[PDB]
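Shown next as structure tokens: one chain only, the form deposited in one PDB entry.
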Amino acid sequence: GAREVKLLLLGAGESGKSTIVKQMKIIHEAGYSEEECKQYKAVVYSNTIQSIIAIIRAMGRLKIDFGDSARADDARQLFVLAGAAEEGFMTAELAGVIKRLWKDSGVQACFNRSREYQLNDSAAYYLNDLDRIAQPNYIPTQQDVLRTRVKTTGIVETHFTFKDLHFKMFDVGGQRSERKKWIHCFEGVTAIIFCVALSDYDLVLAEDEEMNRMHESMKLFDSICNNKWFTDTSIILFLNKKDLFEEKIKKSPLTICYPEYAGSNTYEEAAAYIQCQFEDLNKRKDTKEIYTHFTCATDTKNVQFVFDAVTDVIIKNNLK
């Protein structure tokens, strides 16, 4: 008989929860048609602008000057043009201002210090493709739509059949949900897919945080993991953003996030170390098992593959 498989996505903002959801529609659903991709132009541009602005704002706080002082006019002009360009379209004027700002060594200098502030991980993706994106005959591709960033009004979800199972994937995130909603989200869970942004290991801590992003995520995992209520619940761990991690580990040591770390600075050892920090949180290595996968939420191929395995674990953890 058909089983309802209630999947709950958990994890800090930016961990990739929303992105896994979209991957499900592309893989186990229809995906996005052209009539529907065209629909995202407005957001693709909205996001592109918000990104260059996030960086421009960062230059102020961090006091990083433009490689060329002319850019100050562009920056000031960025905010006017932006707040004046009908959504969905981008003029040859705005495209220029952005291209010049993104090209500035001062701005690139600030971009390289994104660890000191909060820059979404789509800024690079879009700012580089300005050539394509800016052209007026532009049609967002699937990967373009996958990288977008929209509204989490309430709770996001998707229904899809895979290996004859009725998958219901849930994802809250930002939407303050009370013990009400929460208890109601947990009740019925078949598997919790906990997302972690590996690349967050080098983030400078905020003025409010006692511990860093990683350890805050570690803390939450700990609870979800060792909570008797989720005993029979399959606990999949997605150590996401491995591409950014690999790119980063090169320049920024893991000792930033785990001062005691003494291994080498290879994607391999650093990654293995983080996999242990999370899995050692498990208080019943005998009782429960953690299903860890290093992934790249934005990679449809890898996600399809990884979700293929998660299902096997679900298909049989149901002791059958």
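Position 1 is the first residue in the sequence shown; the rest follow in order. Definition used throughout: the rigid core is the maximal C-alpha set that superposes within 1.5 Å between two forms.
Form deposited in another entry: not shown, discussed below.
Per-residue Cα shift between this form and the one not shown after core alignment stays below 2 Å for all of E178, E93, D131, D73 except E178.
Pairwise change in the other form: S177 and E216 C-alpha atoms lie farther apart than in the shown form, at least 3 Å. A shift of at least 3 angstroms pushes the Cα atoms of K181 and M214 further from each other in the other form than in the displayed structure.
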